[PDB]
Structures are given as structure tokens and as C-alpha cells.
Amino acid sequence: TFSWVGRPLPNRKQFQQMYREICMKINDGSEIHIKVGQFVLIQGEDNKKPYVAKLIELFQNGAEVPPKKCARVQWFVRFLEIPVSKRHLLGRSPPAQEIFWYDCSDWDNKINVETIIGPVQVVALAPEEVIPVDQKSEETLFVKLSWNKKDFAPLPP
């Protein structure tokens, strides 16, 4: 379950209150803060890996009733979310830890915070950097490229 931390950010949208941070309690009993700018795993279908998203906004949406805690995200997509026919355009076999910045507006970016599984570390690498492949048996995901529905391209600014 989730709770806001502290005061809302200076108001921007009507009917919404924005927060920098959200508090998530586990059944391991502890409390974890997730902040705007951090990344989360988002529950998708039960047979698939979580979606990965960067949190770009956290908000209490007063336009739903009863009101809900929401996020707006920047999506990433996993290799398997890219059309099979377009996969070869990458020109290599990405590791399971590699994901792609999804640079397209067609999917809606608003989620309910209850779909959040938890934080994930996502790391931006230069194209010529190699993914570790180090130890920690890492839970970290790496991003090199964006995918626009047409081609792979550099990470946006």
C-alpha cells in the first residue's frame, strides 16, 4: 500500500495534486520511497515481464472518484515488445537486461500507482559500453537506445 510523503508540489494542473515522492510498504514490513525521476517495474500480464517506466510525475488525481494515486511515466520497452519484423534493425542480440527508451506518444502514459511492483535501477550506457555481465547477478537494467516504432536511435536529451 502507498502513501504520499509530505506536502504537494506547487500546483500545476487543476484537480490534481503533484508529489515528488511516494511511500510504498511491503509485506517484508518495511517502507520504500520512490521518487519522480526513478524507475519502476509495472505489473503487466501475469505471463510476461513487468513493464519498465521512468516516473515523470506522481499525483493524486481528483478527476477520478474516488480519487486515486497516479503516475505519469516515460515508457521503456523490452526487446520482445518490439515487432519481430523490426528486431533485426538493431543489428545485434540484446541481453535480457537491456531495454529501450520508447520514443512515441501513442501509448498513454498514466498509471495507477497500485500497478507498481517496485523501484528498479535503470542505467544509461554509451552505445559502445558493454553491459555487465558483472556480478550481483544484477537486477539493474541498461538503456543504450530509443525505439520509435520505426528504428532504433540515440537516447533523447
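The numbering used is simple: start at 1 and walk along the sequence shown.
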Pick between 126-134 and 88-96: the one whose mean CA B-factor in the entry is higher.
126-134
If you average the CA temperature factors over each stretch, which comes out higher, 136-144 or 16-24?
136-144
From 105, 61, 38, 112, can you pick the one with the highest C-alpha B factor in the entry?
105
Going by the deposited entry, which of 66, 29, 50, 118 has the highest CA temperature factor?
29
